[PDB]
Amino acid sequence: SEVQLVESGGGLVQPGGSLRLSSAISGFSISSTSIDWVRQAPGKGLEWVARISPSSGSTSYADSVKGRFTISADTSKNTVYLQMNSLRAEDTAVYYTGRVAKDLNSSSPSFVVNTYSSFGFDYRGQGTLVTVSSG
C-alpha cells in the first residue's frame, strides 16, 4: 500500500475538556518503528509531545503533557492514539504523527525535534487542528 498517516479527532474545546486523537497509518508497520506525536502552534517551534514503540509498549512524554496525555497503539489496525485530558489554551496546535528516520532513531525525540525539527521525520501526516478556547 501507499504510505499514509491520517490524523483525526481534533476540534474546538473549552479549557478542562478532553479529545482522543487517532492516526491511521498505512504502507509501513508501526510494530517495526517508534511513532511520535508532535504539535505546531502559531509563533512557536515544533514541539515533541509523546513517543510510542508499539512492539514493546514503551512510551515517553514531554514534561508539558505528562499525566494529562496518554499515547497508545493498536498494532492490528496499525493505528496510534493520543488521549488528551484537561486541555488548556497552551495545548492549541496542529497535532501530527511522524516516524523518525531509522538513521536518527538512537537520538532522543527531544534532540531530534530540537535539532532537525520537521527534517528528522521520513514520514509525517498533515495533522489535526486542536483549539482550546473560552473567549
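Numbering starts at 1 and follows the sequence shown.
### Query
Comparing 39-47 with 94-102, which stretch shows the greater average C-alpha B-factor in the deposited entry?
Higher of the two, by average CA B-factor, is 39-47.
For the C-alpha atoms alone, is the average B factor greater in 53-61 or in 103-111, going by the entry?
-> Comparing 103-111 with 53-61, the higher average CA B-factor belongs to 103-111.
| From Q83, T33, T75, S26, residue of greatest CA B-factor | In the PDB entry, the greatest C-alpha B-factor among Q83, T33, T75, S26 is found at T75.
message = Quick check for you: using the entry's CA B-factors within this chain, is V3 in the lowest, middle or highest third?
response = For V3, whose C-alpha B-factor we compare with every modelled residue in the chain, the answer is the highest third.
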